[PDB]
Amino acid sequence: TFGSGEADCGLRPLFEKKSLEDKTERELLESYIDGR
Amino acid sequence: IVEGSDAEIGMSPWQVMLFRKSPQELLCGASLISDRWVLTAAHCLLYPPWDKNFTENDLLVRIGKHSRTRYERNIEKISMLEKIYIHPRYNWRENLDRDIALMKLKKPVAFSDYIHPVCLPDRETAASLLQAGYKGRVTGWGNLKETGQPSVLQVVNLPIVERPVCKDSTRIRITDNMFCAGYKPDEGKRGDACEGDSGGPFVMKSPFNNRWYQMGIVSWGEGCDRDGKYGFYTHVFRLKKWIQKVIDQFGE
Amino acid sequence: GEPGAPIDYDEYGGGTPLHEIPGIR
Ligand SMILES: *[C@@H]1O[C@H](CO)[C@@H](O)[C@H](O)[C@H]1NC(C)=O
Ligand code: NA
């Protein structure tokens with residue numbers, strides 16, 4: 001079954017796999033931190 | 001993509017270009033979800049009101065691309081479609097409800113630094129991330145303005161919008177299989193998908209496991225980047241049991 | 001912090017067509 005999909009899905013060779021951040025992913029992470 | 005920027009090399013390795021054989025033209029975006037399966041919008045393949053009705057042999061896909069037009073030697077890969085699967089309850093007569101389709105590649109594509117599948121959301125990922133104000137990322141080769149084509153893949157980050165605001169913004173009937181995203185007029189920032197971005201992915205990066213998940217498909221919008229209007233996206237998680245049925249029944 | 005889309009599944013069991021809206025894409 002497809003289930004979760006590729007065991008390796010969503011980890012980019014040129015970013016996550018090299019421990020490198022892209023130029024704007026921080027903007028997404030910051031938006032996932034709630035206010036007060 | 002309006003008010004975005006050039007994607008970085010390797011930034012969206014699941015990005016797929018849907019290319020019409022004859023006459024040659026970029027039809028839509030799409031995404032790679034495994035070595036054999038590509039996800040897109042049903043309306044990219046079937047929309048009679050605009051005389052669109054494509055079969056497997058009418059189209060090809062190009063994977064690993066960055067340039068809109070240049071042949072990318074030893075980087076891009078072309079693939080044929082073995083079968084198209086459109087959601088049997090896709091509503092093309094009205095509002096594009098269930099605007100989702102899967103395309104099976106005839107041969108598996110080799111993964112590389114530039115070609116790699118995106119994840120589909122589990123239930124906890126969806127619950128944790130599909131919240132108003134949380135930003136996703138839209139990519140495509142579509143027009144740069146509503147009225148103008150980019151040299152390379154474009155990217156924009158856009159916040160999910162509260163459902164009542166989405167509904168107030170449009171005369172169309174909004175179903176639970178859709179969500180909307182974009183900045184409000186008071187927020188200052190801008191950005192939207194546009195013509196040619198349809199079928200591409202709206203992705204979010206899980207802060208729990210570092211993986212990118214496809215939460216949306218570029219479905220429709222009233223203009224591009226208009227104040228008080230929002231882009232609409234297929235709610236991928238809500239249709240995930242159909243996706244898995246197609247792959248369970250016809251995948252390998 | 002408010003749900004943007006429901007966490008459930010589409011199951012078995014009408015208004016203006018999209019193509020009539022000016023500027024639709
Ligand atoms: C799409 O094209 C096929 C083959 O011409 C036809 O049988 C089918 O009815 C068309 N679908 C729609 C929704 O028009
Ligand atoms: Na807008």
Side-chain angles (χ1 to χ4, degrees), chain A residues 27 31, chain B residues 1-5 18 20-22 27-28 40-59 81 83-103 132-138 140 142-148 154-172 174 178-199 202 216 218-233, chain C residues 4 14 17-19 21-25:
Chain A
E27 179 183 3
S31 77
Chain B
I1 303 285
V2 184
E3 294 282 324
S5 70
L18 249 290
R20 185 183 191 178
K21 280 180 187 188
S22 178
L27 238 35
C28 272
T40 194
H43 83 263
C44 289
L45 306 173
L46 177 63
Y47 194 62
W50 299 340
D51 291 317
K52 289 174 175 278
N53 183 354
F54 301 108
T55 59
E56 293 74 3
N57 303 120
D58 304 328
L59 318 175
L81 306 182
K83 191 59 181 173
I84 285 163
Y85 304 88
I86 298 175
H87 200 290
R89 292 180 289 151
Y90 160 57
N91 191 339
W92 57 264
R93 286 182 195 275
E94 188 199 340
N95 60 354
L96 302 191
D97 194 16
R98 308 178 182 96
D99 188 14
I100 194 163
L102 282 162
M103 305 179 293
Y134 289 25
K135 291 173 178 176
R137 171 177 288 174
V138 183
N143 294 346
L144 293 169
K145 297 296 183 192
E146 184 182 317
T147 64
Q154 298 292 289
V155 58
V156 69
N157 300 330
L158 300 172
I160 297 170
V161 171
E162 298 82 0
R163 301 192 66 81
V165 173
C166 296
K167 289 174 183 182
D168 287 351
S169 75
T170 183
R171 318 174 78 166
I172 304 299
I174 302 314
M178 308 168 187
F179 66 89
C180 93
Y183 291 101
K184 299 168 183 183
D186 182 65
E187 290 184 282
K189 302 186 70 142
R190 312 197 64 84
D192 197 6
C194 202
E195 185 168 26
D197 294 315
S198 297
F202 178 103
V218 178
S219 180
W220 60 272
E222 185 172 354
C224 310
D225 192 41
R226 294 192 186 174
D227 280 358
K229 300 293 176 175
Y230 303 88
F232 285 78
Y233 297 86
Chain C
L18 276 168
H19 56 82
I21 302 300
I24 192 73
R25 53 86 184 162

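Indexing begins at 1, ligand by ligand and atom by atom, following the structure's order. Heavy-atom basis, side chains included; hydrogens, waters and symmetry copies ignored. Per chain, numbering begins at 1; letters A, B, ... match sequence-line order.
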Task: Centroid separation B:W220 to B:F232 less than 6.0 Å - done: yes
Open item on the list: Below 4.0 angstrom, counting only protein heavy atoms, does anything approach atom 10 (C) of ligand 1?
Closed with: yes
Task: Side-chain (B:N143) to main-chain (B:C194) donor-acceptor, under 3.5 angstrom - done: no
Open item on the list: Using a 4.0 Å heavy-atom cut-off, which part of B:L46 comes near ligand 1: side chain, backbone, both, or neither?
Closed with: side chain
- [ ] Report the member of B:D51, B:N53, B:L45 with the shortest heavy-atom distance to atom 1 (C) of ligand 1.
- [x] B:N53
- [ ] Could you confirm whether B:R190 has any N/O/S atom lying under 3.0 Å from the Na ion (ligand 2)?
- [x] no
Open item on the list: At less than 4.0 angstrom from any non-hydrogen atom of B:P48, what atoms of ligand 1 do you find?
Closed with: 13 (C), 14 (O)
- [ ] Check the side chains of B:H43 and B:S198 for a donor-acceptor pair under 3.5 angstrom, ignoring hydrogens and angles.
- [x] yes
Open item on the list: Between B:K229 and the Na ion (ligand 2), is there a contact where an N/O/S atom of the residue lies under 3.0 Å from the metal?
Closed with: yes
Open item on the list: Taking the ring of B:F179 and the ring of B:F202, is the distance between their centroids below 6.0 Å?
Closed with: yes
TODO: Would you check if the side chain of B:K21 reaches a backbone N or O of B:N57 as a donor-acceptor pair within less than 3.5 Å?
DONE: yes
